[PDB]
Amino acid sequence: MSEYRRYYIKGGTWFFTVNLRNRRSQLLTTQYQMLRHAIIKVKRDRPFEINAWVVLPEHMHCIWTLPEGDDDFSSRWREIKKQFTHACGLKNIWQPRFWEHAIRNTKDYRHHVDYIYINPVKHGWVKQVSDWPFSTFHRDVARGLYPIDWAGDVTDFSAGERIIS
DNA sequence: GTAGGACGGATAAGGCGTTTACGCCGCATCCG
Ligand code: NI
């Protein structure tokens with residue numbers, strides 16, 4: 001049984017980790033499109049800012065900032081996993097709920113954005129963060145945020161990742 | 001501050017039915 005309490009703060013920024021139940025799945029990748037589509041549908045109905053996001057074949061990590069006066073990432077995640085569950089007609093694919101962490105300062109924010117873009121490399125998919133197309137890294141390189149050839153240390157602070165067994 | 005199917009009580013999908021424009025019921029997934 002879990003014990004965490006959602007940290008709700010209006011206008012807040014947070015980091016999240018949502019895992020597919022099945023380790024060998026590649027569904028988030030294969031059906032990249034339905035996923036993309038789902039987040040779009042929900043974003044429209046309950047506005048938020050995607051600070052950053054990666055999708056891996058079987059889980060994703062991301063950072064959101066919610067509108068002023070709005071603390072409700074819960075609904076937003078509930079709808080997202082719902083649309084995508086609907087769209088691909090598969091049942092019980094998600095690890096229930098999700099990992100949430102409130103970002104209170106700029107340093108922490110950057111560690112978590114980096115963590116996001118480094119992730120494909122930590123997970124062994126690619127040797128270079130720009131090799132992975134399934135993220136906002138390229139969106140961010142396309143403003144003057146990150147050099148396309150960016151690299152960074154692979155770190156291990158606890159972050160909602162599935163247990164490595 | 002903190003997971004890994006707590007599980008009862010919530011929200012409120014979209015497919016049904018007609019009033020082909022909304023109401024009814026109450027998904028799949030949330031929280032404490
Ligand atoms: Ni990861």
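All chains are named by letter (A, B, ...) in the order of the sequence lines, taking the proteins before the strands, and each is independently numbered beginning at 1. Just so you know, these numbers use all the heavy atoms, side chains as well, and skip hydrogens, waters and symmetry mates.
The distance from atom CD of A/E79 to atom P of B/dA13 is 6 Å, rounded to the nearest whole Å. What separates CG of A/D108 from P of B/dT2 is a distance of 14 Å, to the nearest Å. With rounding to whole Å, A/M60 atom CE is found 20 Å from B/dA3 atom P. Distance A/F98 CZ to B/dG32 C1': 13 Å, rounded to the nearest Å. One can place CE of A/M1 at 10 Å from P of B/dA6, the figure rounded to the nearest angstrom. Following rounding to the nearest Å, A/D45 (CG) and B/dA13 (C1') show an atom-to-atom distance of 11 Å. In this entry the distance linking CZ of A/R97 with P of B/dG5 reads 12 Å, nearest Å.
Residue A/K81 is in sugar-phosphate contact alone, with no base atom involved, counting any heavy-atom pair closer than 4.0 Å across all strands shown. When heavy atoms are screened at a 4.0 angstrom cut-off, A/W77 is found touching no nucleic acid atom at all. When heavy atoms are screened at a 4.0 angstrom cut-off, A/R23 is found touching no nucleic acid atom at all. Using a 4.0 Å heavy-atom cutoff across all strands shown, A/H86 reaches sugar-phosphate atoms only and no base atom. Counting non-hydrogen atoms under 4.0 angstrom, A/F84 reaches nothing in the nucleic acid. Nucleic acid contact class of A/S75 (heavy atoms, under 4.0 Å, all strands): none.
Spacing between B/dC30 and B/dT19 at atom P, rounded to whole Å, works out to 38 Å. Between the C1' atoms of B/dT20 and B/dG4, the separation comes to 47 Å (whole Å). If you take atom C1' in B/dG14 and the same atom in B/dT29, they sit 16 Å apart, rounded to whole Å. Comparing the same atom, P, in B/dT11 and in B/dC31 gives a spacing of 14 Å after rounding to whole Å. Taking atom P on both nucleotides, B/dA13 is separated from B/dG23 by 14 Å, rounded to a whole Å.
Between A/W77 and A/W64, the ring center distance clears the sub-6.0 Å criterion.
Each side-chain hydrogen bond (donor to acceptor under 3.5 Å, both in side chains) pair with one or both residues in residues 97-118 of chain A, not counting sequence neighbours, appears once here: A/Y4-A/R97, A/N51-A/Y109, A/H101-A/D108, A/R104-A/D108, A/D108-A/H112, A/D114-A/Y146, A/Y115-A/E161, A/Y117-A/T136, A/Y117-A/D140.
Between A/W94 and B/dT29, a side-chain N or O to OP1/OP2 separation shorter than 4.0 Å is present. Regarding contacts with the backbone of B/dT29, every side-chain N or O of A/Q95 stays at 4.0 angstrom or more from both OP1 and OP2. A close approach under 4.0 Å does occur between a side-chain nitrogen or oxygen of A/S74 and OP1 or OP2 of B/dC31.
Annotation: ring pair (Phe, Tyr, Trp, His ring centres under 6.0 Å) contacts of A/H86 (sequence neighbours excluded): none.
Rounding to the nearest 0.5 angstrom, the gap separating the CD1 atom in A/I118 from the CH2 atom in A/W150 is 3.5 Å. A/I116 CD1 to A/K122 NZ: the interatomic distance, rounded to the nearest 0.5 Å, is 13.5 Å. Atom CD1 of residue A/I50 and atom SG of residue A/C62 lie 7.5 Å apart, to the nearest 0.5 angstrom. Between the CG atom of A/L66 and the CG atom of A/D72 there is a distance of 7.5 Å, given to the nearest 0.5 Å.
Interface remark: the A/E100 side chain does form a donor-acceptor pair with the B/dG1 base, using a distance-only criterion of under 3.5 Å.
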Query raised in the report: How does DNA chain B look in dot-bracket notation if pairs are Watson-Crick or G-U with both distances under 3.5 Å, crossing ones as [ ], other-strand ones as |?
Result: ......(((.(...(((....)))...).)))
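For B/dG15, the sign convention on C1'-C2'-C3'-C4' gives a south pucker, since the angle is negative.
Considering only side-chain atoms of A/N19, the nucleotide from B/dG4, B/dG1, B/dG32 that sits closest is B/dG4.
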